[PDB]
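Working notes, beginning with the structure itself.
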Amino acid sequence: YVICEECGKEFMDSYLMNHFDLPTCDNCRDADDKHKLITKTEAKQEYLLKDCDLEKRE
DNA sequence: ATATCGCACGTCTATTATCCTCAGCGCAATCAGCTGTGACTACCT
Ligand SMILES: [Zn+2]
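Counting from 102, one number per residue, gives the positions in the first sequence under PDB author numbering.
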């Protein structure tokens with residue numbers, strides 16, 4: 102069981118946990134604004150992040 | 001002997017499913033910075 106950091110309700114499997122190891126249930130999944138997904142190139146341009154920093158930094 | 005049916009000879013029209021120019025992401029062309037070799041030119045105390 103995984104405890105959600107937003108609502109506190111324990112959940113077993115969720116989309117956020119499965120795809121990004123984020124301890125948040127689908128009920129609290131704010132994919133609109135808080136959990137918005139962006140392309141790799143856009144993130145690299147905005148945050149000046151390199152490939153290694155996105156793949157090799159623990 | 002003269003109109004009439006079978007045969008042929010085409011020709012107009014169509015009851016109906018094709019080829020062009022705009023989009024992220026990763027490997028390669030590009031560039032600033034630094035240095036190495038050689039001789040040159042000069043400048044201060
Ligand atoms: Zn939750």
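Built from N, CA and C at the ideal position, the CB exists for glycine as well.
Burial check for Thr-140: the Cβ neighbour count within 10 Å stays below 16, so the residue is exposed.
Where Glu-147 is concerned, the enclosing alpha helix (DSSP H) starts and stops at 141 to 148. Taking 7 Å as the cut-off, one finds at least one heavy atom of ligand 1 near enough to the beta carbon of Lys-110. DSSP, reduced to helix, strand and coil, places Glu-107 outside both helices and strands of the structure shown, so it counts as coil.
Where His-136 is concerned, there is no enclosing alpha helix (DSSP H), because DSSP gives it neither an H nor an E.
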